[PDB]
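Chemist: Quick one: the structure is below, and I'll ask about it shortly.
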Amino acid sequence: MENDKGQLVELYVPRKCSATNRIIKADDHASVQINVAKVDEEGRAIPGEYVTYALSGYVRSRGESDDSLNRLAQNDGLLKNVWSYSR
Amino acid sequence: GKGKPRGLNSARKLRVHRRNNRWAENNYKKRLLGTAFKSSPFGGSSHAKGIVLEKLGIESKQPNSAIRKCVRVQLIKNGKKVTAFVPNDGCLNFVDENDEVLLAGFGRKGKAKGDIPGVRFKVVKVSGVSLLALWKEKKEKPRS
Amino acid sequence: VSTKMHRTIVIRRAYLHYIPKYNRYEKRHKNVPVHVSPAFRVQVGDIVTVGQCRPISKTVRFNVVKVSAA
Amino acid sequence: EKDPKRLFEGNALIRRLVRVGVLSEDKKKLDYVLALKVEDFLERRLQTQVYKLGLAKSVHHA
Amino acid sequence: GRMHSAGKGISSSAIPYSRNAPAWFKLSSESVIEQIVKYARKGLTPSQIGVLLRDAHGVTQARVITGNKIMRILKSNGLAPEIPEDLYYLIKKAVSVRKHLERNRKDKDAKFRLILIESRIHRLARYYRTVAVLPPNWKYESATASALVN
Amino acid sequence: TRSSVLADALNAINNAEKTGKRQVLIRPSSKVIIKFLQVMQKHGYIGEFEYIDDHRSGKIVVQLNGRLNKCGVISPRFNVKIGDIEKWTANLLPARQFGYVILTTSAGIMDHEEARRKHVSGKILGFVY
RNA sequence: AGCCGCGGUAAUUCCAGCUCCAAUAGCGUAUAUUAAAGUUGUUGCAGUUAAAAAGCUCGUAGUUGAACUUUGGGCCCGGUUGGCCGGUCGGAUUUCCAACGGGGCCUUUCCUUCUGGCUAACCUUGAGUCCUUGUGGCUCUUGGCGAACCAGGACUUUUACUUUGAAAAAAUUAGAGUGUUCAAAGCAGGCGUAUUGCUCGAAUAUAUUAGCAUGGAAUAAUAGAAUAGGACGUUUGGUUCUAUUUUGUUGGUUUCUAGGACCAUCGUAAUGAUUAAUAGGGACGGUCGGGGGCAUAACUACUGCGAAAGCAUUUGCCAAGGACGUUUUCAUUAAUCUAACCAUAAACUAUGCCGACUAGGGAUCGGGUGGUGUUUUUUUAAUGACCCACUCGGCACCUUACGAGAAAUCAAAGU
RNA sequence: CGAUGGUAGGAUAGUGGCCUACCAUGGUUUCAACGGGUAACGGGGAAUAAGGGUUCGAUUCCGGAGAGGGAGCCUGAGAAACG
């Protein structure tokens with residue numbers, strides 16, 4: 001949101017979920033956010049780099065969380081052959 | 001589906017049910033039947049003049065208890081009779097009789113668990129002179 | 001809708017009527033009596049067109065001018 | 001906008017408020033009248049414009 | 001959901017997708033259109049024809065192998081019955097309960113299963129009269145129960 | 001029994017987007033379903049969709065993003081005049097700068113801004129935000 | 001002292017003194033009506049326990065009713081907007097861009113035509129006209145036409161809705177202009193030399209049912225060829241009816257000719273019938289049940305059947321009915337079926353009822369399809385029982401709750 | 001004892017069951033006819049108002065009716081008139 005002149009005039013833009021594109025507010029106290037570690041050519045881990053996933057409050061309560069991890073992670077090449085579209 | 005019809009050519013059921021059970025609104029039924037003439041002692045008027053039969057003393061039974069002073073009267077346009085009320089000559093000293101008086105109503109509804117009992121009217125002037133002009137003593141009752 | 005008189009018939013017309021508070025329609029109808037020349041042959045159930053002339057009877061002001069069958 | 005009733009009845013309402021001096025001369029836009037206040041008319045009476053212009057020592061001497 | 005009942009099942013045949021003949025048909029339309037009339041002279045309904053045709057001579061649907069339906073074929077060759085077939089079967093069902101009633105009288109039950117069967121006939125008869133395959137003075141009655149088929 | 005086909009072809013959508021799914025299955029299709037969908041697709045509210053056909057009246061499989069709050073239907077399709085769009089739009093829609101109510105109008109099915117600059121009017125059909 | 005109430009001495013309200021508050025010309029009291037009132041509910045209420053779903057199924061009028069029949073592609077003109085451009089002794093824009101609406105043609109494809117003038121325009125026998133010389137057009141002459149306008153037509157399903165127009169008195173209502181000294185009003189007024197003057201006004205909007213004129217073809221109805229008396233033909237035979245014309249003219253005749261309809265058969269078109277609803281009815285095959293009528297307890301819940309009240313000994317008759325199975329068939333959806341008792345069972349009540357969708361869990365009852373699994377044995381294939389897994393239909397039960405609720409609670413009492 | 005239509009007359013400024021003769025048997029109705037109430041003259045308009053609406057209109061303008069209650073007619077272009 002921005003005025004006639006052009007500057008943003010919210011307080012501060014909030015975080016969308018990543019499995020269902022909802023919006024996570026300041027009292028969604030089950031809204032997990034999870035990092036994984038990039039890897040090295042020798043087989044070690046860079047201490048400073050991540051890949052970040054944000055999951056909403058209610059994809060976890062129904063129990064649909066871990067499958068939504070496997071769907072999300074496998075697009076980024078983390079896994080192979082553990083999730084399948086045509087169920 | 002709400003239990004009422006929604007379709008487009010349905011305006012006749014909708015308007016004939018509404019005036020059908022509009023007869024439970026309590027003071028729309030009073031207005032179309034016109035019970036203001038057939039039952040009310042005034043007939044539909046603000047004030048009314050009568051002529052006083054006699055002094056009465058009435059009392060209030062449960063929790064309250066004191067000495068409420070009222071008055072009989074007989075209306076000129078009608079012949080029927082009612083019992084009015086006169087406000088706070090609590091000294092017991094303004095009996096008056098065979099006089100012309102002007103009544104009014106209370107802004108009426110009440111609580112008679114203390115039994116401030118079943119009268120409906122009051123008195124605003126007597127023999128051509130206001131009541132408060134005598135209580136605040138600005139006139140005195142006209143006679144020769 | 002009726003051909004039981006001698007040289008007159010009765011026409012039924014149908015419309016709808018709008019009630020603004022309820023935003024809807026309701027059906028109505030009106031019957032008109034007209035006159036039939038013996039040039040035409042009209043049985044019940046047909047659909048005619050009719051035009052207006054000066055007062056013919058107590059209750060008549062139209063007579064048929066075309067006809068199309070059922 | 002560009003609706004000829006907005007342009008004829010707007011630019012007359014604006015023009016009358018400036019001509020008595022309530023709208024500011026840089027606030028000639030139609031949204032700016034929706035935040036006008038009640039003492040912006042109270043400061044244009046003769047009781048108030050004669051005390052400010054130095055003729056009476058108080059607002060009750062006006 | 002079953003008019004004049006309260007059951008809710010669903011079980012019909014499911015028509016296959018292709019609108020052509022199967023590849024395991026080795027006949028002609030002329031060599032099959034006449035077996036229909038060869039059993040019409042035996043006095044059969046369309047209903048008995050097709051089930052006899054399917055279970056014996058392998059025609060899946062006369063609708064697709066010949067260009068027409070069964071009743072259209074029968075109407076063109078003049079073998080058509082007078083009263084339409086479904087309506088006739090409700091009539092014949094209605095007399096068999098009626099014939100039971102001349103021998104029984106202490107059945108308050110099956111009295112009120114006949115007013116249901118008769119009710120489906122006026123529903124059928126309005127439609128057939130309106131589309132005009134029955135003449136507009138066809139009416140059913142208890143006297144015409146024992147008249148037109150009986 | 002089944003009276004409106006569109007009215008529960010949009011009841012199948014938001015009933016399975018309140019639970020955060022991504023795709024739904026509609027049955028039967030219609031000529032007025034598809035054009036209602038094609039105006040929630042040129043505005044971004046849904047993704048893409050496919051039309052089955054099975055020789056009766058086909059099914060549809062739609063792909064939902066994340067962006068619908070509600071889509072609906074108005075069931076007597078009343079007769080909107082032209083001075084009366086803006087009373088229908090001040091009641092159905094959450095704010096003055098987004099959302100749409102769509103109309104069947106003599107020059108096609110369209111939304112309510114698109115009907116302003118073509119200067120037409122018609123019967124109401126539904127809303128979307 | 002409207003309504004909760006304050007009195008039983010001295011009262012944080014009666015009766016009076018003092019000091020404060022509110023409006024200032026009191027809205028003080030009475031009676032009607034409007035808002036408050038989602039307590040009349042189209043927008044927009046109330047389903048179990050709070051007022052409130054009729055004893056039960058068939059069925060009038062009324063309301064409401066599945067999907068489908070011209071989409072797409074290509075070219076081209078001309079709108080005002082975001083604009084580049086300002087070029088400047090804000091307005092041009094040489095000039096291009098993005099959108100946004102509009103024409104136009106072509107694609108198997110829109111007014112359906114006819115006769116006349118009639119006007120411009122292509123052209124015909126052919127030059128005038130004047131420009132490189134022309135059947136060049138422009139336009140002259142004969143002649144083919146489309147082309148603008150009048151006039152006769154000529155025939156062609158019918159509505160609902162919506163767009164724009166004419167026509168809905170003034171006063172009043174929204175409202176433009178205008179120092180009645182401001183205002184409510186009014187329709188006035190303003191300017192010079194005031195010396196014989198010129199001069200601006202008295203607008204505009206408000207279809208708000210029915211009728212009238214007009215644009216569009218979505219939505220929802222309606223008609224058309226099935227025994228073809230169907231449509232097109234300059235196939236041919238007919239039967240009629242009019243005489244406008246010419247035989248100056250007139251009346252007395254009929255010859256054609258045009259001009260009306262109807263009458264057989266002879267020719268060409270691809271000759272002409274929407275699917276088959278996880279809507280409904282109808283057949284068909286094997287079954288199931290304390291369903292009903294005539295005759296002759298235990299099993300009773302864990303669950304069976306019937307529209308409801310209700311329904312238990314075997315045997316046989318008479319008809320009815322749900323579900324399942326199927327590559328059969330047709331093209332459907334609302335007038336209100338001892339007796340009589342006294343209530344002496346918190347005497348559980350805001351459920352066309354049909355339809356779509358939304359989380360788990362295991363037991364049981366019908367029908368069907370599977371399986372190297374068993375075992376009576378015919379044999380560890382199979383008949384045969386079991387067993388396992390799926391599947392469509394049934395009355396019930398246990399979980400949770402995103403949801404709903406005043407709560408108890410509820411897979412609907414949710415969306 | 002005209003209710004709905006047909007044919008011919010009478011009467012009127014004139015059409016018409018407006019009235020009279022002979023004949024036909026029609027016309028209105030659950031889309032509410034016919035009857036009952038109205039402390040009911042109709043509209044332009046009025047009060048309240050987010051939107052939809054609820055309640056009023058005897059009363060300055062236009063239309064109808066009346067002159068104590070019913071009926072009848074004279075003069076006139078025009079009245080069933082009440083100065």
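Chain labels A, B, ... are given in the sequence in which chains occur in the structure tokens; within each chain residues are numbered consecutively from 1, and ligands are likewise numbered from 1 in the order shown.
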Residues of chain C in strand (DSSP E) according to DSSP, as a PyMOL selection string?
Modeler: chain C and resi 8-19+24-35+47-52+62-68
Chemist: Would you save the residues of that selection, restricted to N, CA, C and O atoms, as a compact mmCIF listing (two decimals), in the first residue's frame?
Modeler:
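Result file part19.txt:
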# COMPACT_ATOMS: atom_id res chain seq x y z
N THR C 8 -69.84 -13.27 -31.64
CA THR C 8 -68.84 -12.71 -30.74
C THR C 8 -68.04 -13.85 -30.13
O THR C 8 -68.51 -14.98 -30.07
N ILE C 9 -66.81 -13.56 -29.71
CA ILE C 9 -65.98 -14.50 -28.98
C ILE C 9 -65.37 -13.77 -27.80
O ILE C 9 -65.60 -12.58 -27.61
N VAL C 10 -64.59 -14.48 -27.00
CA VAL C 10 -63.93 -13.91 -25.83
C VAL C 10 -62.45 -14.27 -25.86
O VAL C 10 -62.10 -15.44 -26.07
N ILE C 11 -61.60 -13.27 -25.66
CA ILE C 11 -60.14 -13.33 -25.75
C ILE C 11 -59.56 -13.24 -24.35
O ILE C 11 -60.03 -12.42 -23.55
N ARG C 12 -58.56 -14.05 -24.03
CA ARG C 12 -57.84 -13.95 -22.77
C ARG C 12 -56.46 -13.37 -23.01
O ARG C 12 -55.77 -13.78 -23.94
N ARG C 13 -56.05 -12.42 -22.18
CA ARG C 13 -54.74 -11.80 -22.28
C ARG C 13 -53.96 -11.95 -20.98
O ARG C 13 -54.54 -11.90 -19.91
N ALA C 14 -52.65 -12.09 -21.06
CA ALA C 14 -51.88 -12.46 -19.89
C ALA C 14 -50.63 -11.61 -19.79
O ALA C 14 -49.97 -11.39 -20.80
N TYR C 15 -50.29 -11.15 -18.59
CA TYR C 15 -49.14 -10.28 -18.38
C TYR C 15 -48.54 -10.58 -17.01
O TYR C 15 -48.81 -11.62 -16.41
N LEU C 16 -47.68 -9.69 -16.54
CA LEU C 16 -47.06 -9.80 -15.23
C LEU C 16 -47.08 -8.42 -14.60
O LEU C 16 -47.30 -7.43 -15.29
N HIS C 17 -46.85 -8.34 -13.30
CA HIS C 17 -46.97 -7.05 -12.64
C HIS C 17 -45.94 -6.95 -11.54
O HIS C 17 -45.83 -7.87 -10.74
N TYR C 18 -45.21 -5.83 -11.48
CA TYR C 18 -44.03 -5.67 -10.64
C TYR C 18 -44.35 -4.98 -9.33
O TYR C 18 -44.94 -3.91 -9.33
N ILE C 19 -43.88 -5.55 -8.23
CA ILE C 19 -44.13 -5.09 -6.87
C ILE C 19 -42.81 -4.59 -6.28
O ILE C 19 -41.96 -5.41 -5.94
N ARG C 24 -40.17 -8.19 -7.31
CA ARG C 24 -40.55 -9.38 -8.03
C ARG C 24 -41.81 -9.11 -8.83
O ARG C 24 -42.35 -8.01 -8.82
N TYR C 25 -42.27 -10.14 -9.54
CA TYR C 25 -43.43 -10.09 -10.40
C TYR C 25 -44.52 -11.02 -9.89
O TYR C 25 -44.26 -11.92 -9.10
N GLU C 26 -45.75 -10.77 -10.33
CA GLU C 26 -46.88 -11.67 -10.13
C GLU C 26 -47.73 -11.63 -11.39
O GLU C 26 -47.75 -10.64 -12.10
N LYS C 27 -48.45 -12.72 -11.66
CA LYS C 27 -49.25 -12.85 -12.86
C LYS C 27 -50.62 -12.23 -12.69
O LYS C 27 -51.21 -12.30 -11.61
N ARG C 28 -51.15 -11.66 -13.77
CA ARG C 28 -52.54 -11.21 -13.82
C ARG C 28 -53.11 -11.59 -15.18
O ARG C 28 -52.41 -12.14 -16.01
N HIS C 29 -54.41 -11.35 -15.41
CA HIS C 29 -55.04 -11.53 -16.72
C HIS C 29 -56.31 -10.70 -16.80
O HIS C 29 -56.87 -10.34 -15.77
N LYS C 30 -56.76 -10.44 -18.03
CA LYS C 30 -58.05 -9.80 -18.33
C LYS C 30 -58.68 -10.41 -19.56
O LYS C 30 -57.99 -10.71 -20.53
N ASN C 31 -60.00 -10.59 -19.52
CA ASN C 31 -60.78 -11.07 -20.66
C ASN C 31 -61.34 -9.90 -21.43
O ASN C 31 -61.89 -8.97 -20.84
N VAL C 32 -61.27 -9.98 -22.75
CA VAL C 32 -62.00 -8.99 -23.54
C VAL C 32 -62.95 -9.70 -24.49
O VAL C 32 -62.60 -10.76 -25.02
N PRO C 33 -64.16 -9.19 -24.68
CA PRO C 33 -65.03 -9.68 -25.75
C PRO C 33 -64.91 -8.90 -27.03
O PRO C 33 -64.89 -7.68 -27.00
N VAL C 34 -64.85 -9.57 -28.16
CA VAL C 34 -64.72 -8.91 -29.45
C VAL C 34 -65.83 -9.41 -30.37
O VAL C 34 -66.66 -10.21 -29.98
N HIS C 35 -65.84 -8.95 -31.61
CA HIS C 35 -66.83 -9.33 -32.60
C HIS C 35 -66.15 -10.13 -33.70
O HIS C 35 -64.99 -9.89 -34.01
N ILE C 47 -55.16 -17.91 -31.77
CA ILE C 47 -54.63 -16.63 -31.33
C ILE C 47 -54.80 -15.58 -32.41
O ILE C 47 -54.25 -15.69 -33.50
N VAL C 48 -55.56 -14.54 -32.09
CA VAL C 48 -56.02 -13.58 -33.07
C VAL C 48 -55.36 -12.24 -32.79
O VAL C 48 -54.77 -12.03 -31.74
N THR C 49 -55.47 -11.32 -33.73
CA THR C 49 -55.18 -9.93 -33.45
C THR C 49 -56.44 -9.14 -33.72
O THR C 49 -57.21 -9.50 -34.61
N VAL C 50 -56.67 -8.08 -32.97
CA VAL C 50 -57.94 -7.38 -33.00
C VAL C 50 -57.70 -5.88 -32.95
O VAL C 50 -56.73 -5.42 -32.36
N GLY C 51 -58.61 -5.11 -33.56
CA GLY C 51 -58.49 -3.67 -33.60
C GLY C 51 -59.77 -2.99 -33.14
O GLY C 51 -60.79 -3.62 -33.04
N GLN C 52 -59.69 -1.70 -32.87
CA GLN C 52 -60.71 -1.02 -32.10
C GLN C 52 -61.66 -0.25 -32.99
O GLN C 52 -61.23 0.41 -33.93
N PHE C 62 -64.00 -4.09 -29.95
CA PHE C 62 -62.97 -4.58 -30.86
C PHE C 62 -63.57 -5.62 -31.79
O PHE C 62 -64.59 -6.22 -31.48
N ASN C 63 -62.92 -5.86 -32.93
CA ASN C 63 -63.31 -6.99 -33.76
C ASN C 63 -62.14 -7.50 -34.58
O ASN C 63 -61.26 -6.73 -34.94
N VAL C 64 -62.17 -8.79 -34.92
CA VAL C 64 -60.96 -9.47 -35.36
C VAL C 64 -60.56 -9.01 -36.75
O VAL C 64 -61.39 -8.54 -37.53
N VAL C 65 -59.27 -9.04 -37.02
CA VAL C 65 -58.75 -8.45 -38.24
C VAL C 65 -57.71 -9.37 -38.84
O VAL C 65 -57.27 -9.16 -39.97
N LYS C 66 -57.29 -10.36 -38.08
CA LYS C 66 -56.37 -11.37 -38.59
C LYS C 66 -56.56 -12.60 -37.73
O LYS C 66 -57.24 -12.56 -36.72
N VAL C 67 -55.94 -13.69 -38.15
CA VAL C 67 -56.07 -14.93 -37.40
C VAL C 67 -54.88 -15.81 -37.74
O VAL C 67 -54.36 -15.77 -38.85
N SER C 68 -54.41 -16.56 -36.75
CA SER C 68 -53.37 -17.55 -36.93
C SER C 68 -53.69 -18.71 -36.01
O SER C 68 -54.13 -18.50 -34.88
Chemist: Skipping near chain neighbours, those fewer than 2 positions away, what residues fall within 7 Å of residue C:55 using only C-alpha atoms (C1' of nucleotides), listed as a ChimeraX atom specification?
Modeler: /C:53,57,60-61 /H:15-16
Chemist: Please produce a file of those selected residues containing N, CA, C and O atoms (P, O5', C5', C4', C3', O3' and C1' of nucleotides), as a PDB file, in the first residue's frame.
Modeler:
ATOM      1  N   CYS C  53     -62.955  -0.329 -32.697  1.00  0.00           N
ATOM      2  CA  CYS C  53     -63.990   0.392 -33.416  1.00  0.00           C
ATOM      3  C   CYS C  53     -64.894   1.088 -32.410  1.00  0.00           C
ATOM      4  O   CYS C  53     -64.740   0.916 -31.211  1.00  0.00           O
ATOM      5  N   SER C  57     -71.670  -2.931 -28.777  1.00  0.00           N
ATOM      6  CA  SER C  57     -72.654  -3.450 -27.869  1.00  0.00           C
ATOM      7  C   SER C  57     -72.467  -2.773 -26.540  1.00  0.00           C
ATOM      8  O   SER C  57     -71.850  -1.719 -26.483  1.00  0.00           O
ATOM      9  N   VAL C  60     -68.608  -4.101 -25.935  1.00  0.00           N
ATOM     10  CA  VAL C  60     -67.774  -4.533 -27.051  1.00  0.00           C
ATOM     11  C   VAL C  60     -67.163  -3.309 -27.717  1.00  0.00           C
ATOM     12  O   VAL C  60     -67.873  -2.347 -28.007  1.00  0.00           O
ATOM     13  N   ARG C  61     -65.837  -3.333 -27.941  1.00  0.00           N
ATOM     14  CA  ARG C  61     -65.175  -2.293 -28.722  1.00  0.00           C
ATOM     15  C   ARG C  61     -64.075  -2.810 -29.635  1.00  0.00           C
ATOM     16  O   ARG C  61     -63.237  -2.019 -30.042  1.00  0.00           O
TER      17      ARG C  61
ATOM     18  P     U H  15     -77.107   7.880 -32.964  1.00  0.00           P
ATOM     19  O5'   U H  15     -75.931   6.967 -32.437  1.00  0.00           O
ATOM     20  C5'   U H  15     -74.883   6.604 -33.302  1.00  0.00           C
ATOM     21  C4'   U H  15     -73.779   5.913 -32.561  1.00  0.00           C
ATOM     22  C3'   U H  15     -74.144   4.635 -31.862  1.00  0.00           C
ATOM     23  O3'   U H  15     -74.182   3.555 -32.759  1.00  0.00           O
ATOM     24  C1'   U H  15     -72.779   5.955 -30.474  1.00  0.00           C
ATOM     25  P     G H  16     -75.103   2.291 -32.477  1.00  0.00           P
ATOM     26  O5'   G H  16     -74.428   1.581 -31.247  1.00  0.00           O
ATOM     27  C5'   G H  16     -75.103   0.554 -30.567  1.00  0.00           C
ATOM     28  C4'   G H  16     -74.757   0.583 -29.117  1.00  0.00           C
ATOM     29  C3'   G H  16     -75.867   0.271 -28.164  1.00  0.00           C
ATOM     30  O3'   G H  16     -76.187  -1.090 -28.100  1.00  0.00           O
ATOM     31  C1'   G H  16     -74.724   2.135 -27.407  1.00  0.00           C
TER      32        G H  16
END
Chemist: If you run DSSP on the backbone here, which positions in chain A get helix (DSSP H, G or I)? Please write them as a list in words.
Modeler: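 Answer for chain A restricted to helix (DSSP H, G or I) is residues 58, 59, 60, 61, 65, 66, 67, 68, 69, 70, 71, 72, 73, 74 and 75 of chain A.
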Chemist: Mind writing the picked residues with C-alpha atoms as a short mmCIF file (atom, residue, chain, number, x, y, z; two decimals), in the first residue's frame?
Modeler:
data_model
loop_
_atom_site.label_atom_id
_atom_site.label_comp_id
_atom_site.auth_asym_id
_atom_site.auth_seq_id
_atom_site.Cartn_x
_atom_site.Cartn_y
_atom_site.Cartn_z
CA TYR A 58 -3.09 -25.16 10.17
CA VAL A 59 -1.31 -27.37 7.70
CA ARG A 60 0.35 -28.77 10.82
CA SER A 61 -2.74 -29.25 12.95
CA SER A 65 2.81 -31.01 7.28
CA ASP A 66 5.38 -33.66 6.44
CA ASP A 67 3.93 -34.45 3.03
CA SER A 68 3.98 -30.76 2.32
CA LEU A 69 7.64 -30.87 3.22
CA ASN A 70 8.36 -33.71 0.81
CA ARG A 71 6.48 -31.95 -1.93
CA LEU A 72 8.29 -28.70 -1.32
CA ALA A 73 11.75 -30.07 -0.79
CA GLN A 74 11.80 -32.36 -3.80
CA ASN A 75 11.27 -29.49 -6.19
#
Chemist: Could you check which of G:122, G:171, G:324, G:130 is closest to residue H:45, using only C-alpha atoms (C1' of nucleotides)?
Modeler: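 Looking at the shortest contact to residue H:45, the residue is G:171.
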Chemist: When the cut-off is 6 Å and we count only C-alpha atoms (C1' of nucleotides), which residues of chain E are near chain G, given as a list in words?
Modeler: residues 9, 13, 47, 50, 51, 60, 86 and 107 of chain E
Chemist: Write the residues of the selection above to a file with N, CA and C atoms, as a short mmCIF file (atom, residue, chain, number, x, y, z; two decimals), in the first residue's frame.
Modeler:
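out.cif was written with the following content:
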data_model
loop_
_atom_site.label_atom_id
_atom_site.label_comp_id
_atom_site.auth_asym_id
_atom_site.auth_seq_id
_atom_site.Cartn_x
_atom_site.Cartn_y
_atom_site.Cartn_z
N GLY E 9 -31.03 -46.24 -3.97
CA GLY E 9 -29.96 -46.92 -4.66
C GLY E 9 -29.78 -46.42 -6.07
N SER E 13 -27.20 -49.94 -16.24
CA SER E 13 -26.10 -50.24 -17.12
C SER E 13 -25.36 -48.96 -17.41
N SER E 47 -38.38 -54.59 -25.56
CA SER E 47 -37.60 -54.94 -24.38
C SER E 47 -37.11 -56.38 -24.46
N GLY E 50 -34.16 -56.88 -27.57
CA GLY E 50 -32.77 -56.50 -27.45
C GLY E 50 -32.00 -57.40 -26.52
N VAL E 51 -32.64 -57.84 -25.44
CA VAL E 51 -31.97 -58.74 -24.53
C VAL E 51 -31.83 -60.10 -25.17
N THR E 60 -24.42 -55.60 -29.53
CA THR E 60 -24.38 -54.87 -28.27
C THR E 60 -25.51 -53.88 -28.19
N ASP E 86 -44.77 -49.24 -21.93
CA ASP E 86 -44.66 -49.06 -20.49
C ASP E 86 -46.01 -48.83 -19.85
N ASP E 107 -58.07 -56.89 3.80
CA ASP E 107 -56.71 -56.41 3.55
C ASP E 107 -56.76 -54.89 3.45
#
Chemist: Interatomic distance between atom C1' of residue G:414 and atom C1' of residue G:364?
Modeler: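 According to the coordinates, atom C1' of residue G:414 and atom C1' of residue G:364 are separated by 28.9 Å.
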Chemist: Neighbours of stretch 24-26 of chain F within 6 Å (only C-alpha atoms (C1' of nucleotides); same-chain residues fewer than 3 positions away dropped), as a PyMOL selection string?
Modeler: chain F and resi 59-62
Chemist: Please indicate the distance in Å from atom CA of residue B:62 to atom CA of residue B:115, rounded to one decimal place.
Modeler: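 Calculated distance between atom CA of residue B:62 and atom CA of residue B:115 is 6.0 Å.
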Chemist: Write out as a VMD selection string the residues lying within 9 Å of residue B:112, counting only C-alpha atoms (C1' of nucleotides) and excluding same-chain residues fewer than 5 positions away.
Modeler: chain B and resid 60 62 117 to 118
Chemist: Give as a list in words every residue of chain B that touches chain C within 12 Å, counting only C-alpha atoms.
Modeler: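 So the residues of chain B near chain C are residues 5, 6, 7, 8, 9, 10, 11, 12, 13, 14, 15, 16 and 18 of chain B.
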Chemist: How many Å lie between atom CA of residue F:105 and atom CA of residue F:121, rounded to one decimal?
Modeler: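 For atom CA of residue F:105 relative to atom CA of residue F:121, the distance reads 5.6 Å.
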Chemist: Could you list the residues in chain A lying within 7 Å of chain F, using only C-alpha atoms, and format the result as number ranges by chain?
Modeler: A: 20-22
Chemist: Those same residues - N, CA and C atoms - I'd like them written as a compact mmCIF listing (two decimals), in the first residue's frame.
Modeler:
# COMPACT_ATOMS: atom_id res chain seq x y z
N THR A 20 0.43 -23.25 1.34
CA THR A 20 -0.92 -22.87 0.94
C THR A 20 -1.11 -21.39 0.68
N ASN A 21 -0.05 -20.61 0.62
CA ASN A 21 -0.07 -19.18 0.29
C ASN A 21 -0.97 -18.34 1.17
N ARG A 22 -1.25 -18.77 2.39
CA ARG A 22 -2.03 -17.96 3.32
C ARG A 22 -1.17 -16.84 3.89
Chemist: Do a neighbour search on residue G:69 at 12 Å with only C-alpha atoms (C1' of nucleotides), toss out local chain neighbours closer than 2 positions, and write the hits as a list in words.
Modeler: residues 71, 274 and 275 of chain G
Chemist: Could you write out that same residue set with N, CA, C and O atoms (P, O5', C5', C4', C3', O3' and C1' of nucleotides) as a PDB file, in the first residue's frame?
Modeler:
ATOM      1  P     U G  71     -20.996 -18.613 -31.058  1.00  0.00           P
ATOM      2  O5'   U G  71     -19.666 -17.773 -31.301  1.00  0.00           O
ATOM      3  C5'   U G  71     -18.480 -17.965 -30.537  1.00  0.00           C
ATOM      4  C4'   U G  71     -17.823 -19.318 -30.730  1.00  0.00           C
ATOM      5  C3'   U G  71     -16.319 -19.361 -30.605  1.00  0.00           C
ATOM      6  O3'   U G  71     -15.859 -19.209 -29.276  1.00  0.00           O
ATOM      7  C1'   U G  71     -17.007 -20.778 -32.357  1.00  0.00           C
ATOM      8  P     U G 274     -33.466 -35.052 -33.314  1.00  0.00           P
ATOM      9  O5'   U G 274     -31.960 -35.465 -33.046  1.00  0.00           O
ATOM     10  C5'   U G 274     -30.922 -34.560 -33.358  1.00  0.00           C
ATOM     11  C4'   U G 274     -29.802 -34.575 -32.351  1.00  0.00           C
ATOM     12  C3'   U G 274     -29.707 -35.774 -31.434  1.00  0.00           C
ATOM     13  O3'   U G 274     -29.027 -36.857 -32.039  1.00  0.00           O
ATOM     14  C1'   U G 274     -29.366 -33.761 -30.209  1.00  0.00           C
ATOM     15  P     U G 275     -28.958 -38.284 -31.308  1.00  0.00           P
ATOM     16  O5'   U G 275     -27.676 -38.217 -30.385  1.00  0.00           O
ATOM     17  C5'   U G 275     -27.627 -38.980 -29.199  1.00  0.00           C
ATOM     18  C4'   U G 275     -26.865 -38.259 -28.127  1.00  0.00           C
ATOM     19  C3'   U G 275     -26.571 -39.044 -26.871  1.00  0.00           C
ATOM     20  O3'   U G 275     -25.433 -39.850 -27.057  1.00  0.00           O
ATOM     21  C1'   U G 275     -27.212 -36.814 -26.344  1.00  0.00           C
TER      22        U G 275
END
Chemist: Compute the chain F side of the contact with chain C at 12 Å, counting only C-alpha atoms, and hand it back as a PyMOL selection string.
Modeler: chain F and resi 76-80
Chemist: With chain E as the partner and 12 Å as the cut-off, tabulate the residues of chain F that qualify, each row holding the nearest pair of atoms and their distance in Å to one decimal, using only C-alpha atoms, sorted by chain and rising number, as JSON lines.
Modeler:
{"residue": "F:1", "atom": "CA", "partner": "E:1", "partner_atom": "CA", "distance": 9.7}
{"residue": "F:53", "atom": "CA", "partner": "E:17", "partner_atom": "CA", "distance": 10.6}
{"residue": "F:54", "atom": "CA", "partner": "E:17", "partner_atom": "CA", "distance": 7.4}
{"residue": "F:55", "atom": "CA", "partner": "E:17", "partner_atom": "CA", "distance": 7.7}
{"residue": "F:56", "atom": "CA", "partner": "E:17", "partner_atom": "CA", "distance": 10.3}
